[PDB]
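# Residue-level structure breakdown
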Amino acid sequence: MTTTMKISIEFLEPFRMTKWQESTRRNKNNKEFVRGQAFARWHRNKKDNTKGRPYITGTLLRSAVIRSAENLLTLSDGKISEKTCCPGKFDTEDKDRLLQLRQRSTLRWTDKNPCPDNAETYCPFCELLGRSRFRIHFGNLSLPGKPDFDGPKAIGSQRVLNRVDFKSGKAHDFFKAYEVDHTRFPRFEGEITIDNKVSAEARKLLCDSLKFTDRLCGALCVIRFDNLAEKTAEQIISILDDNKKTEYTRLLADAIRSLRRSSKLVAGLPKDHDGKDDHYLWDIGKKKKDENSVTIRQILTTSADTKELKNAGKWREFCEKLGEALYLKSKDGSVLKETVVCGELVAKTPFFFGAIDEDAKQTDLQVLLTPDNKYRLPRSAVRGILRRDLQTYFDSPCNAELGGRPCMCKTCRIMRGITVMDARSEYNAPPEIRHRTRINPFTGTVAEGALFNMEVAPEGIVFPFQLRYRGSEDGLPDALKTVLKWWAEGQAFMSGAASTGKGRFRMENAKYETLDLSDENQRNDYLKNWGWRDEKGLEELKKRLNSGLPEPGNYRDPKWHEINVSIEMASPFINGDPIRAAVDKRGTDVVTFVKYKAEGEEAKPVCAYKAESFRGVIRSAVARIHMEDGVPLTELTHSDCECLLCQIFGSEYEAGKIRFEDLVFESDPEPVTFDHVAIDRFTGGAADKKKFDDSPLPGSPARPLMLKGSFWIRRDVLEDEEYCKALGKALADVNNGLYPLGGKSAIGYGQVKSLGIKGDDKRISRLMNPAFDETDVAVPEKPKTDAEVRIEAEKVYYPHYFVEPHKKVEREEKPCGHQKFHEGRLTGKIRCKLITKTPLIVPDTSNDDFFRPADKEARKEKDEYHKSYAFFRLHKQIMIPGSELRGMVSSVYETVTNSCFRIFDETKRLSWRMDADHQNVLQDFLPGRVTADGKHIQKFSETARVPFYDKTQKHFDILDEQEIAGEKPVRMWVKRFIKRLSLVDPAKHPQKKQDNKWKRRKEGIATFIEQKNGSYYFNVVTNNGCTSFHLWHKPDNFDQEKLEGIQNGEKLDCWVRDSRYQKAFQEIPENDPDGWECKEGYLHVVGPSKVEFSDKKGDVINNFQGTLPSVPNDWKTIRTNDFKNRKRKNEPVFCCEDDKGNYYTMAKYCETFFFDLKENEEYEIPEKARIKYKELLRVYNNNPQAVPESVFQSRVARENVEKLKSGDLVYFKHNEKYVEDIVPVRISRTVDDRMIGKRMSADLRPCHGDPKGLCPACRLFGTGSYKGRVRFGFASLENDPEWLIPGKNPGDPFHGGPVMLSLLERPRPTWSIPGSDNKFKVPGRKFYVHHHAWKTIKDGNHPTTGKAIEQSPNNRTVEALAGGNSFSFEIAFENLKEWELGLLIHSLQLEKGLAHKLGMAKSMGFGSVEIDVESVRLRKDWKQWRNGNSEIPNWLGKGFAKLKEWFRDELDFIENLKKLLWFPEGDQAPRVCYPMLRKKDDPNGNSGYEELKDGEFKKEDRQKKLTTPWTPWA
RNA sequence: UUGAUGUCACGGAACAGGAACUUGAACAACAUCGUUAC
């Protein structure tokens, strides 16, 4: 009696799902239950557990079909086939039921009786409505297989929705709702049961009503009927716990996260600046110990091929899930026609669609993606943007509140017939991240940890598009043909960070159509194939569409206006990006910003200049101009007031009216690399020995590096006359030269040359008119000097001459601040003109071996060679960087004003060497040994030396190898004294006995039992017959008159003397079995040390015999070859040489034997005495001057000992229960306790942060946490080069020939601080002196000797300029006080006799420049620039009346500075050169170093004969 | 896994704000080794 109907709906768009509720709050009063009534539901079996499946109710489908049929019945006047329907009844007297009512103004037709329930045949509409177990029953709809998922977060993910205001366009209350994806759950199934006694055509109405409905729950439907990442995540917490670097993790949470593009990106991580496989973050926490220590470049290479993380589908998720771990640690009518507008819209700029699901944070800003990582733009965004672009056509913001009778304004009648689809973008590449800091407007440096990220989607993504509007008006309404034309121009600002230039789509290749539904032949063809919503129907409809969008009727002037921007630079450029600096290949420290654009399926890079950076520059430029009742706009809070910044650029309570965009370079620029270094002040050399580089884009004055972009100002900001002025003013400054664009501007990066905008009918480009003063005054000349020295000939001088500072550094002024331009100070530019007078060198260290021979293979693998350089060129245009001209002027400006040492290495404690001859200090070392634990030393009593390496005895074999290392005590036979004879007491008084040594002789009986070959044996008693001995007298030419005849029993009166003799032997000497004890103690050898190797065949080696032997492979084998003193068999040697042509010599034929340990007398090793020994072992091994062999090397350097053990012997030094110094051998180097930083004063150490204050040369040039008020610039050559030595080939005067320099080895700070105790402070600042010694290098000689220099792999072959070249550069300053400008001009131009010095190899004669300050122009208001060249003689005179208030009359350091900058003017040849070591090895014979440590520069005349500048060394 | 005589949720832009900036001449001379003799 009943029939069935099996239907199934399919979705074409992600539908929406509501939340589960407890089954008592499903009432009418629950505010959240309604508002989710129209969404698909979620039913969980076993209540109190989130496990179930999604299901769609049936009453909802019923209401949708009722609405569709009610709509379809008014298109045909209320007739299905032949009979007519009744208006239907929708009344009820039970209002407490019916949880929700209808508020819709139901469509009308055929007003007549609604045929009340007292009838027996209703109108078919009342049959479908179900008026009187049911008549037509609607069954539920759920998934086909009825599966059972485990929660609402298993099928689709929740996200938040929005509701913005219109006037102040930010936002208000929000709401959230799930949304299941339609490509993983696209089908539902159910059933409708129909009685038989309903009708024969109500079924027809029902089928048509089904085919006419299209949306159920926020989607377009068509109803049809017939684990390495878990082990790695914490393994790299242990490698950070194995150190104390926890500030280096927020960046490692980001550098690895960016590897989610491809796997091959990890096989190219960078390496050290030298090239070894070491870094500062890819090799955190790895030492020599444990070679098997897995390193981060290895635990990532052991994740690239593991069969689970091979393909990118899981590789990307691997990095995403690994990076999220290292951050939680760092946290704590009957007219109706339907229009079909198809087409597509592409993205012209990177867009951003906000999607915060629940936590998702890790960046606190993410983009909206599909479940399989394709980009998508919702339909809620498109609809909310159409509403905004409609409320702008009209001038009426819709005031519809939430709830109630539907609104009826002009724009809510057009938003009631719109239907929009979604998009997928079919590109699925991962998004990139964009950092965005915030700069403190008081110090030019980033604020307190203000740094937050965001990720953006690429540009060039093609989305599909489709739209439909069905209504009464013929075709589209007037207010919708203009909006689509706005979007056709390219002004579709869809969503994202608008104020930074995000998404701007442009509708391409539009079409349209117009179907009519009020007829009866077209409508049936509309219902036949389900409109044209499906995939097949859309393609078939895509061949009936007439190209071209229609034309509007009332156009109304889009609300944004594009303004162009074009910028020319003249210098390099760099915009920082730190994370690319970590994962790159080259390994440079800081790199430039680069962005990718999606070509359509792949990504390619382009250099650019961010839009946030450009927004910030202009925003800060506008801020300093404005006064705003005294206090400027750079200190306000922007809370509830209308600023002039708070109105153009917006704030947190509204939105701005200007949208900047990225700027591109309109060429093909390629980065370069520039090395840098820090030149220490005292002992001028590379501090810390490490360099640091950066990669800018190469600008020039000939190739000016164009930039071109755009930005969009609103319409009603242009028309005003107050904001356009405030934008023209602050663009006229950006044009004049202030506000450099980019990074390291202090050394000349950025420095915009021009800026010209257009597209504003000269409404803004009206205050950018330049007007330059031209009062032509000549610059005053440099005053004549008075510092006179008296240089005579035939006397040689020295090249360093430190400058003793004063002792009062003034740090009592509060820094100014880079906010509003202060009024008492100056701001402008200086144009200089540098001219060299002695060949200059500035090397281009991009490549070595520039001076290469012809046809020679490049290199092989890893080898040393002759490094040949070239002059510094940028674009085949000889220049000089700004970092060179900054460190030259700053080091002279900070000594004129006597300020804090700006860079000075406060580490590297010093180490002198023991005094060889001095026995007063080399006596207090009391041999001992550290105890069983490394905490105490138990001394010894006395020592004696046991001979080895000789040809008398054997000790190498007959002793075992467990006691020649000093851990098994050994019995030995000592002899504290030896007994010397004499037999003629009165026959030696004149010929000897004049030396107070024969003061203990007692008696003697010349017994005799054996006569040797040349010896006379004697068994003589000493006192009375109780104590005798055996010994062998060495006869002389005064005894054979008393030993003229032997009788084997003679007796004669002789004499015995007891002499000092300290030796020890194994058992007993063969020659003398006299009184010898047998004591007990350890024994240690330090090996066969004390070698004196050379190449010149000294006196001892030339006193050999012939065929000198080779060097042995290992010791325990070395013996003695010859004697030093050959008359008496005294101190032996060992003379040998290898085949390389190198000669050795070897003393030390003995080793010391300890004995007589003393217990219950020990001392403690504190931690202070532990640093000195940890340090001393560093200096033995890393010795470039060490022996080329290793047999002759000492024990500590040979065995690479790195710390003191338990069972080892040392030579400690102590007092009162504490030890102070340890030393491995008898004579070896000491180390002071304090570091080198504590030898200066307390006010001369480098300036710290902020009280203490800031030294004066810290307030002009910057520091950390303060920005410098002076910028330099690249200097460029203007005449022709005029090389020093003619080039290899004539014709081209742009390449010079090479010259060969000398050694130039490192500077030693012990020749200046030779003492150690308390009175050896640090001298001044090491200024080199001016002279002419390059006339000798140019010929190829040596500055000290006269010999020629032969090339060796430690000297460079540079090309240099000559005397008589000119350069030009600029110096831009701001906020300088009046007197600081005086001393800066003083430090630039010196008096007429003086000269600066820059370059390389200036210890010889190389590099002498002098500067002449030309035109100086100031700046007073944004209009005029006041060429104030005629006021210098007041600044020069007011900067010298300040140096007289600080240091009243004690300016004697300035007259010592002025004697080092003195130039040898004419007919003077001051000969300066470094002394050699010995006098015997230089042909001139000028008293080398060994004769200088006694005599003139002994040890108390070195901090006095190195401070007075021009001291004649001779 | 609802209910029937009544659901404008295609009835609601996760929007608004923030300069990866500051500091640094690619430069450079005095030694290294341990004891030997009485």
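Preceding this section is the structure that the text describes.
The text that follows walks through the structure, step by step, so that each part is easy to find. (Residues numbered from 1 in each chain as written, not as in the entry; some residues may be left out. Chains lettered and ligands numbered in written order. Heavy atoms only, no water.)

Right, let's talk about the side chain of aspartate 534 for a bit. Considering the arrangement of structural elements, one finds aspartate 534 in the loop between α11 (521-528) and α12 (535-541). Of the buried charged residues, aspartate 534 lacks a salt bridge, with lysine 536 as the closest side chain of opposite charge at 5.2 Å. Polar side-chain contacts of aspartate 534 include one of 2.8 Å to the backbone nitrogen of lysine 536. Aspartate 534 has contacts with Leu12 and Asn529, leaving out every residue within four places of it along the chain. (Helix = DSSP H or I, 4+ residues; strand = E, 2+ residues; numbered from the N terminus. Buried < 20%, exposed > 50% of the residue type's maximum accessible area, 1.4 Å probe, protein only. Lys, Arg positive; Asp, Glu negative; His and termini not counted. Salt bridge = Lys/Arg side-chain N within 4 Å of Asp/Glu carboxyl O. Polar contact = N/O pair within 3.5 Å; in protein donor to acceptor, adjacent residues only side chain to side chain. Contact = heavy atoms within 4.5 Å.)

Around RNA strand B, the surrounding shell holds 177 residues, and the nearest of these are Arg62, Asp91, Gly444, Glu654 and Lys1148. Between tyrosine 1149 and RNA strand B, the recorded distance is 3.0 Å, taken from a side-chain N or O atom to a phosphate oxygen. Tallying contributions element by element places helix α9 (residues 379-393) first for the surface near RNA strand B, with seven residues. A class-by-class count of the residues in the surface near RNA strand B yields 61 nonpolar, 61 polar and 55 charged. (Near = heavy atom within 4 Å. Nonpolar A, V, L, I, M, F, W, Y, C, P; charged D, E, K, R; others polar.)

This part is about α11. Regarding α11, the residues found buried are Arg523, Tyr526 and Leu527. The buried residues of α11 all sit within an arc of 95° when viewed along its axis, so they share a single face. Residues of α11 that are exposed and angled more than 90 degrees away from the buried face: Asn521 and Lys528. Its buried side turned inward, α11 meets α1 (59-73), α3 (202-212), β10 (337-347) and β16 (462-471). Of the residues trailing α11, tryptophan 530 is marked for its positive phi of about 55°. (Arc of directions from axis to C-beta.)

The next point concerns the packing of α1 against α3. In the contact formed by α1 and α3, the axes pass within 8 Å of each other and the chain directions differ by 105°. Our classification of the angle between α1 and α3 gives roughly perpendicular. Taking contact as the criterion, the partners of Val65, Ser68, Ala69, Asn71, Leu72 and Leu73 in α1 are, on α3, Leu205, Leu206, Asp208, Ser209, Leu210 and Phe212. Residue composition of the contact of α1 with α3, grouped by class: eight nonpolar, three polar and one charged. (Axes fitted to C-alpha atoms, helices over the stretch in contact; angles between N-to-C directions. Parallel < 35°, antiparallel > 145°, perpendicular 65-115°, else oblique.)

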